[PDB]
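Q: So the protein lines, in turn, are chains B and A. Going by PDB author numbering, the letters in the first sequence line up with residues 69 to 109, 121 to 482, in that order. Going by PDB author numbering, the letters in the second sequence line up with residues 67 to 108, 122 to 482, in that order.
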Amino acid sequence: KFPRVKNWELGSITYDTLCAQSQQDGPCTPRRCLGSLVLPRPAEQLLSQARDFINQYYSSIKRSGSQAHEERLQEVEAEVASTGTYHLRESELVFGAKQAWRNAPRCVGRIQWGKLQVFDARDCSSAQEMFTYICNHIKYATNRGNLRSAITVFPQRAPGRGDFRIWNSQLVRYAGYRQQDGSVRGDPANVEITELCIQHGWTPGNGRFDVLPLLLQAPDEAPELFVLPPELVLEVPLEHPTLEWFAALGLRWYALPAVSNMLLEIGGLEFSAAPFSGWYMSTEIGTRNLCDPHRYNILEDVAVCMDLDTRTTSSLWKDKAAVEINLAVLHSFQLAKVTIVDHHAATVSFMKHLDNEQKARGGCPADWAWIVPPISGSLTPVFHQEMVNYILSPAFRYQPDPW
Amino acid sequence: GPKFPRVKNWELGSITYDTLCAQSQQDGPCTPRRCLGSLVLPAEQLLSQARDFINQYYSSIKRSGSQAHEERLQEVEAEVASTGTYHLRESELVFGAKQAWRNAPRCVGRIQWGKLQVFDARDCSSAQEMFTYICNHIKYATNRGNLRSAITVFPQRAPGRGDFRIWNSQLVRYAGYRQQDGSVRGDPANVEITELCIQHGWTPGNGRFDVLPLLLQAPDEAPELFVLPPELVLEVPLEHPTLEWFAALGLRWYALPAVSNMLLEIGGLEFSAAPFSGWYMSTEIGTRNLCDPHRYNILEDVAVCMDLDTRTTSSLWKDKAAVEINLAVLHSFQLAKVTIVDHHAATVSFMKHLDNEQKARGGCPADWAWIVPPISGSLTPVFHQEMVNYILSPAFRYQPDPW
Ligand code: HEM
Ligand code: HEM
Ligand SMILES: Cc1cc(N)nc(C[C@H]2CNC[C@H]2OCCNCC(F)(F)[C@H]2CCCCN2)c1
Ligand SMILES: Cc1cc(N)nc(C[C@H]2CNC[C@H]2OCCNCC(F)(F)[C@H]2CCCCN2)c1
Ligand SMILES: C[C@H](O)[C@H](O)[C@H]1CNc2nc(N)[nH]c(=O)c2N1
Ligand SMILES: C[C@H](O)[C@H](O)[C@H]1CNc2nc(N)[nH]c(=O)c2N1
Ligand SMILES: [Zn+2]
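1. Check whether the Cβ of residue 216(A) lies closer than 7 Å to any Cβ atom in chain B.
2. Per the contact definition of three or more C-beta pairs closer than 8 Å, is the region 224-243 of chain A in contact with the region 335-349 of chain A?
3. Report the rounded CA-to-CA distance for residue 87(B) versus residue 70(B), giving the unit in angstroms.
4. For a cutoff of 7 Å on Cβ pairs, would you count residue 457(B) as touching chain A?
5. According to DSSP, simplified to helix, strand and coil, what is residue 175(A)?
6. If you measure from each CB to the nearest heavy atom of ligand 7 and keep those under 5 Å, what residues do you get, in chain order?
7. Rounded C-beta distance between residue 118(A) and residue 250(B)? I'm assuming under 8 Å.
8. What are the boundary residues of the alpha helix (DSSP H) that includes residue 450(A)?
9. At the 7 Å Cβ level, is residue 117(B) part of the contact set with chain A, yes or no?
10. Distance, Cα to Cα, residue 387(A) vs residue 393(A)?
11. For a test of your reading of the model: does the CB of residue 359(B) fall under 6 Å from any non-hydrogen atom of ligand 3? Yes or no.
12. At a cut-off of 6 Å, would you count residue 460(A) as near ligand 3, judging by its Cβ distance to the nearest heavy atom?
13. Do the region 158-174 of chain A and the region 317-330 of chain A meet, that is, are 3 or more Cβ pairs less than 8 Å apart?
14. Compute the Euclidean distance between the alpha carbons of residue 318(A) and residue 404(A), then round it to the nearest angstrom.
15. Determine the contact status of residue 372(A) and residue 457(B), defining contact as a CB-CB distance below 7 Å.
16. Three or more beta-carbon pairs under 8 Å between the region 265-280 of chain A and the region 355-363 of chain A, yes or no?
17. Anything in the region 363-395 of chain B with a Cβ closer than 7 Å to a Cβ of chain A? List those residues in chain order, please.
18. Going by C-alpha to C-alpha distance, which of 77(B), 147(B) and 181(B) sits closest to residue 542(B)?
19. Report the rounded CA-to-CA distance for residue 239(A) versus residue 379(A), giving the unit in angstroms.
20. Do residue 210(A) and residue 351(A) have their beta-carbon atoms positioned less than 7 Å apart in this structure?
21. Measuring straight from C-alpha to C-alpha, what distance separates residue 465(A) and residue 76(A)?
22. Please name the residues in the region 423-439 of chain A whose beta-carbon is closer than 7 Å to at least one beta-carbon of chain B, in chain order.
23. Would you call the CB atoms of residue 294(A) and residue 246(A) closer than 7 Å?
24. Helix, strand or coil for residue 370(A)? Go by DSSP, reduced to three states.
25. Please confirm if residue 467(B) has its CB atom under 7 Å from at least one CB of chain A.
26. Can you tell me which residues form a DSSP beta bridge with residue 265(A)?
27. Counting only C-beta atoms, is residue 479(A) closer than 7 Å to chain B at any point?
28. Please list, in chain order, the residues of the region 152-182 of chain B that have any C-beta partner in chain A closer than 7 Å.
29. State buried or exposed for residue 140(A), treating a residue as buried only when at least 16 other CB atoms are found within 10 Å of its CB.
30. Should residue 115(A) be flagged as near chain B, meaning a C-beta pair shorter than 7 Å?
31. Can you pull the chain A residues whose beta carbon is under 7 Å from the beta carbon of residue 120(B), in chain order?
32. Could you check whether the Cβ of residue 194(A) sits closer than 7 Å to any Cβ belonging to chain B?
33. Is residue 402(B) close to chain A? Criterion is C-beta to C-beta, closer than 7 Å.
34. Output yes if chain B places a C-beta closer than 7 Å to the C-beta of residue 99(A); else output no.
35. Taking residue 406(B) as part of the alpha helix (DSSP H), name the residues at either end of that continuous run.
What follows is the structure, given as C-alpha cells:
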C-alpha cells in the first residue's frame, strides 16, 4: 500500500503517502517494469478533475469549505453543465502552473517550484500575438543573464477546433542542416524542424549555431514563420579556464532553456501552447548537447586536442574529455554572468527539495533515471536515494507533433 | 503494432518488442499507479515450478515433447509426491545455474553467460569440506590473474533442516573496524560482519585492507571460522600511469569479485549457498568502493593531491578525481595482468548481448539504473537504450542474513 523509500548513503527511510493521490496510470505493471521508457504510446471526467483541482486550490490558500470555495465549485458545475467546459481564474491558473512543475518527476530543479513568473496569454487570437508574447517572455526570462523562471499560457484546447501550438520543441534551438554526404552541419536533433521552417519560406544560414525561427500555429490555420530578434537571444561562447585552444572550436550555447512543445493539464483543461523556461544545469549542455553521439558529438575532437590516446577505451579519454567540456560550459557561463547550475549543486538542492516535500506532502514523485545526471552519477547524493514515480495533476504531458 | 512492450534505442533510432516478458511467472514491485523501479530490495507451488524448469531444459537441448522429456517429467512428480522435494540431474544443474546468470537483470557481464564453470558441491556435508570447496573455487577462478567465471553449488534447502550458508556477503572482503573516535578504519560496508567474526573468535587486524575470514555454516551447526591462506587471495596494488604520488596512497583491491550470500533458485529447488564469481568492471572498485561517501570515500583525499579547488562544486573536483581513480584502477590491473573491463568496453558488449538475446529469446530483462555505470552514464551506449525489467527463473535472489 504505502512504499518504503531508503537512502543508501545515510540509512535514512521515508514512506511515500503522496502516491495515493495519483488518479492517472503509468506504464509499469507487476509483471514488468517499463520505468525507463521516455514515452507512452464526458461532463463527469472533466467535472471531477475540476472539482479536485479547485479543492486543491482552496486548500493551497487554506480556505477549504469556506464561502468563496462553495460558490466557485457551483460556478464550475454550472459552466460545464451548459457548455461542456469552463475556464480558470488568473490566480487559479498561476496556482496550477506552479503545481505542474512541482509535480514533474523528471525535473531536478523543483527546489524553485514556488518562484515562477506566469504570463496570462489566454487572450491570444493570432500567431502574430503569440510571437509578441513569446518575445516579452524571453526578454523577461533572460534579464541580461540573471535568469528568472517563467511560463506563458496560451489559450486552452477546444473540442470544436484546432490547437494553438508552438511547432518548435524549444523557443531557442540550433538548426540542423542535412549535407550531401548524409552528414549534418548544426544540431542533429533539429533536422526535421529545420526542414519545416525552410518549406514554410525561411532562408537558411549554414553555420553550426544558426538560431532557428519560430513556427507558430493558431487554430486551424497554416503555421507562421517568425524570426527571433537576434538581440533577445543571449548566447555564450565557450572558453576553458586553462586550455587556450578550446575557444577556437567556436563552440557556443544559448542561455534560455524554454520548452514549448509540452501540454499543460490543469483541472482537466488542456493547454497546448504554454512554453516554460528556467536555467540550464551544466550537464545538459556539456554532456548531452555536446557529447551525445547523435548530437554535436565533439568528444573525439576535444580529446585529440587534449592529445589523449583514442586507440583504447581504458585511457578513459571519453570521461577525461567529457569533464573538460562541462568545465568549459560552467566557466564560460559564470564568466558571461549567466545563470547556470552544475550537477552537484543541483542534486544537493534536490535532496533538500525531497526533504521539504516529505514534510509538506508525504512524498515526491521522482524519476530516478532522469534525476541522476549523465556523468558522475554515483558522485551525487541522488544516486543513493530510492525514488517513487507516479503521475499527479496538474501536470505537463507529451503531446503529438502538430503535423 | 505488437501488444508487447516496444523498446527504443535513442542514439540509433532502432526498435524491438519484448516478447520474453510473457514468460515471467512472478510479480515484481511496480503497479500502474506507481513505479518502484529504483528500489534496491523488493507442494502444489513446487510441482508447477519444477515442471516449468524441466520444460526449459528440454527446450535448450531441442527435445520438447519427447519420450525422455516426458519420462523426466513423470520422474520428477514421482519424486515430489514421494518425498516433497526432488533432485536435479548434473547437466540440468549446469543449465539452470547458467540460466540464472542469463536471467539476472542487474548484471552487465551477461555476454559471457554461456561460459561459466559449474562446480557441483551437492555432496558437501561439513563446514570444513565447505572451506575446501571454496578454496578450489578461488584457485580455479583466479587462475593466476587470467580470471575464469565459476559457481560452486552446495546442497539445497530441506524441509525442516538448516541451510548451508556462507555468512560473508563476498568470499573476499576487507575488514571494517568501528573507531572509538566515531570513524571507521577499513571498509565501512563491512562493520557488522567484521564484528560477527571477532565475536566468533577471529583476532582482528589493524588495517584499511585486512582480508576477512570466512564464516561457514553447515546445516544446524554454529558457523565455523576459516582464514583464507594469503597466497590464495590475489590483490592488486593501485598506482597511476602518470601521477607518481598515487602509489604512495597505499590503496589496493582484490582480484576476484565473488558474491556469496545470494540464493540460487532453480525449478523450485533453493540453493542457499552457491557462491559465484567473475571479474570486475573498473567502476565497481574505482567509483563505488573507493569514492562512495559511505565507503572508503577517498575522493577528497585524492583531489587535494591533484591540488584541485575542493571549496566549490563547480571546479568539478569530484569529477576530475574520480576519473583519475578509475584510471588508476585499470592501469594497475592491466599492469598486474589481472582481468578487468572498463565501463565502455563492458557496456558495448552488453549492447551486443541485447542484440543476441533478441534473436534467441525475444528480449532481455534489464535494470537500467544498474546497467548504466556510476560515471559517464550518457557516454556509454546503454544509457540511450530503453530496458524492460522483469523476473525470470532460474534466478539469483537476495535472502535474509543467517543470524
Ligand atoms: C529553474 C531552473 C531549472 C533547472 C536547473 C531544471 C532542471 C531540469 C533538468 C536537468 C531536466 C532534465 C531534462 C533533460 O535532460 O532533457 C528537467 C526537466 C524538466 N523540467 Fe526543469 N529545470 C528548471 C526549471 C524548470 C521550470 C521553470 C519548469 C516549469 C515551469 C521545469 C519543468 C520541467 C519539466 C516539465 C521537465 C521534464 C522534461 C521531459 O519530461 O522531457 N523545470 N529540468
Ligand atoms: C564475467 C564478468 C562479470 C562482470 C564484468 C559482471 C558485472 C556486473 C556488475 C558491474 C554488476 C553490478 C554490481 C554492483 O555495482 O553492485 C553485476 C551484478 C550482478 N551479476 Fe555480474 N558480472 C560478471 C559475472 C557474473 C557472474 C559469473 C555471475 C553469476 C553467475 C553474475 C551475476 C550477477 C548478479 C546476480 C548481479 C546482481 C547483484 C545484485 O542483484 O545485487 N555476474 N554484474
Ligand atoms: C524548464 C527547463 C529548464 C532546464 N534547465 N532544462 C529543461 C529541459 C531542456 C534543457 N535540455 C533539454 C530540454 O529538455 C526538453 C524535454 N525533453 C526532450 C525529449 F528528450 F524528451 C525529446 C523527446 C520527446 C519530447 C521532445 N523532446 C527545461
Ligand atoms: C559475479 C560478479 C562479477 C562482478 N564484476 N561484480 C559482481 C558484484 C559485486 C562486486 N561489487 C559489488 C558486488 O555486488 C554484490 C551485490 N550488490 C548489492 C549490495 F552490495 F548493495 C548489497 C545489498 C543487497 C544484498 C547484497 N549486497 C559480481
Ligand atoms: C532511455 C533513457 O531513459 C533515456 O536515454 C533517458 C535517461 N535519462 C535521462 N535523464 C535526463 N535528465 N534527461 C534525459 O533525456 C534522459 N534520457
Ligand atoms: C538508490 C539506487 O537505486 C541505488 O543507489 C542503485 C543505483 N544503481 C546501481 N547500480 C549498480 N550496478 N550497483 C548499485 O549498487 C546501484 N545502486
Ligand atoms: Zn517500474
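Just so it is clear, CB atoms sit at the ideal spot from N, CA and C, and this is done for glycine as well.
A: Let me spell this out:
1. Not an interface residue.
2. yes
3. About 8 Å.
4. Contact of residue 457(B) with chain A is assigned, a C-beta pair being separated by under 7 Å.
5. helix
6. For ligand 7, residues qualifying as neighbours are 96(B), 101(B), 103(B), 96(A), 101(A) and 103(A), where qualification means a beta carbon closer than 5 Å to at least one of its heavy atoms (chain order).
7. Residue numbering in chain A breaks between 108 and 122, and residue 118(A) falls inside that break, so it has no position here.
8. 447-450
9. Here chain B breaks off after 109 and picks up again at 121, leaving residue 117(B) without coordinates.
10. 11 Å
11. yes
12. no
13. no
14. 9 Å
15. no
16. no
17. Along the region 363-395 of chain B, the positions whose C-beta sits under 7 Å from a C-beta of chain A are 366, 367, 370, 371, 372, 373, 392, 393 and 395, read in chain order.
18. No statement about residue 542(B) is possible, as the shown extent of chain B runs from 69 to 482 and does not include it.
19. 51 Å
20. Contact flag unset, no.
21. Between residue 465(A) and residue 76(A), the alpha-carbon positions lie close to 8 Å from each other.
22. Within the region 423-439 of chain A, the qualifying residues are 423 and 424.
23. Going by beta carbons, residue 294(A) and residue 246(A) fall inside the 7 Å limit.
24. coil
25. Residue 467(B) counts as touching chain A.
26. 255(A)
27. no
28. none
29. So residue 140(A) ends up on the exposed side.
30. Missing here is residue 115(A): after 108, the next number in chain A is 122.
31. No atoms are given for residue 120(B), which sits in the stretch of chain B between 109 and 121 that the model skips.
32. At a cut-off of 7 Å, the C-beta of residue 194(A) has no neighbouring C-beta in chain B.
33. yes
34. It does: the Cβ of residue 99(A) has a partner Cβ on chain B nearer than 7 Å.
35. 396-414
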